[PDB]
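Engineer: If you read the sequence shown in PDB author numbering, its first letter stands for residue 1, the second for the next number, and so on. The C-beta atom is built at its ideal place from N, Cα and C for all residues, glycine as well. Below is one structure. I have some questions about it.
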Amino acid sequence: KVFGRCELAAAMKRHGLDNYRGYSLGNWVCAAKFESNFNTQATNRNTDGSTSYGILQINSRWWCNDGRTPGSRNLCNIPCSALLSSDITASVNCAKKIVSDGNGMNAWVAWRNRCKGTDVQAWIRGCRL
Ligand SMILES: CC(=O)N[C@@H]1[C@@H](O)[C@H](O[C@@H]2O[C@H](CO)[C@@H](O[C@@H]3O[C@H](CO)[C@@H](O[C@@H]4O[C@H](CO)[C@@H](O)[C@H](O)[C@H]4NC(C)=O)[C@H](O)[C@H]3NC(C)=O)[C@H](O)[C@H]2NC(C)=O)[C@@H](CO)O[C@@H]1O
């Protein structure tokens, strides 16, 4: 599913991400935009051989099991395929774990390079939320 901007804002709010660990909703919508362009099905292979999955591009070296990243931790205890669903609950729940792991949202390198320090509030402009 390719979400629309306000539809994704509304689903992420509903799953408790607005202000989760201090990060307002515009941060999470900006991260999904540049990580996956709002597409739940996005996968990207990494040079260490891991693959990043879904809307928030959660990586298989640490967070999910895809059966082909040797010696990866599966900290969200989820097959990586679960993160490509049209329903974002698995992605939001694993993201909540990731953002609590000591480095906040700097774990999403498109957030750090394209959203961090910008007016993220523009990402939820106009949405009935
Ligand atoms: C090609 C490219 O850039 N791809 C990225 C892809 O790599 C992105 O996925 C991210 O990858 C990085 C690197 O593997 C992940 O960062 C590491 O995450 C672990 C777990 O949190 C960090 O370990 C933790 O570190 C803190 C202190 O630093 C400790 O207190 C914790 O206890 C410790 N946890 C454990 C279990 O040890 C580690 O330090 C990070 N390493 C670095 C170099 O930052 C990152 O989590 C991962 N992000 C996601 C969302 O999965 C992906 C997303 O940006 O997109 C691009 O594909």
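#1: Spatial neighbours of residue 34 within its chain, please: C-beta separation below 6 Å, excluding the five flanking residues on both sides.
#2: With DSSP collapsed to three states, give me the class of residue 68.
#3: Between the alpha carbons of residue 84 and residue 93, how many angstroms are there, rounded?
#4: Note down, one range per segment and in chain order, each beta strand (DSSP E) of at least 3 residues found wholly within the region 47-92.
#5: What is the residue span of the alpha helix (DSSP H) that residue 5 lies within?
#6: Which residues does DSSP pair with residue 45 in a beta bridge?
#7: Given residue 6, which residues of its chain have a CB within under 6 Å of its CB, disregarding the five upstream and five downstream residues?
Structural biologist: Reading from the atomic positions:
#1: Residue numbering aside, residue 34 sits at position 34 when the sequence shown is read from its first letter. Answer for residue 34: 110 and 114, listed in chain order.
#2: Taking the first residue of the sequence shown as 1, we reach residue 68 at position 68. Here residue 68 sits in coil by DSSP.
#3: For the purposes of this step, residue 84 is identified with residue 84 of the sequence shown, where counting begins at 1. For the purposes of this step, residue 93 is identified with residue 93 of the sequence shown, where counting begins at 1. About 13 Å.
#4: 51-53
#5: Along the sequence shown, read from residue 1 onward, the residue named residue 5 stands at position 5. Note, residue 5: alpha helix (DSSP H), 5-14.
#6: For the purposes of this step, residue 45 is identified with residue 45 of the sequence shown, where counting begins at 1. According to DSSP, which records beta bridges pairwise, residue 45 is partnered with 51.
#7: Walking along the sequence shown from the start, residue 6 turns up at place 6. Contacts found: 127.
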